[PDB]
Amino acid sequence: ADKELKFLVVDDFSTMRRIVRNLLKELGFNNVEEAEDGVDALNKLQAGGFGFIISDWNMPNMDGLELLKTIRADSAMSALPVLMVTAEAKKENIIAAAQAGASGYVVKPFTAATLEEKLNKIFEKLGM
């Protein structure tokens, strides 16, 4: 996948966003912006050019599942890769992610190696 792919990292906890941005940087992905919930995310996305979303599940105003469904049903953004992040792997939450079109699913905390594994899975499926 292109090193200059533009990521949006979405989490209501600024420290978690910083950590994810830093892991991306460690992998060579320097083109990264941040959003603090699903509403903030959609605002940022209007600027265009975004190529990959990493979103937390639990956020105020619009949560990660709500954001994912919105992106997937959007006329312009429907095929954007979205990696969902959760605090705990549960059947119900995984199946919810699957039904909504999550490109990937990862439990926090995760290492740069795990992030790379999940990104590569998504890139492979999408032919990126």
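Rigid core: the largest C-alpha set superposing within 1.5 Å between the two forms. Position 1 is the first residue in the sequence shown; the rest follow in order.
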How do 25 to 33 and 83 to 91 compare in 8 other deposited structures of this protein: which one has C-alphas farther from this form after the rigid core is matched? 83 to 91
Going by the mean C-alpha B-factor recorded in the entry, which is higher: 67 to 75 or 91 to 99? 91 to 99
Taking only the Cα B-factors deposited for this chain, tell me whether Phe50 sits in the lowest, middle or highest third. highest
Would you please rank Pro81 by its C-alpha temperature factor against the other modelled residues of its chain and give the third it falls in: lowest, middle or highest? lowest
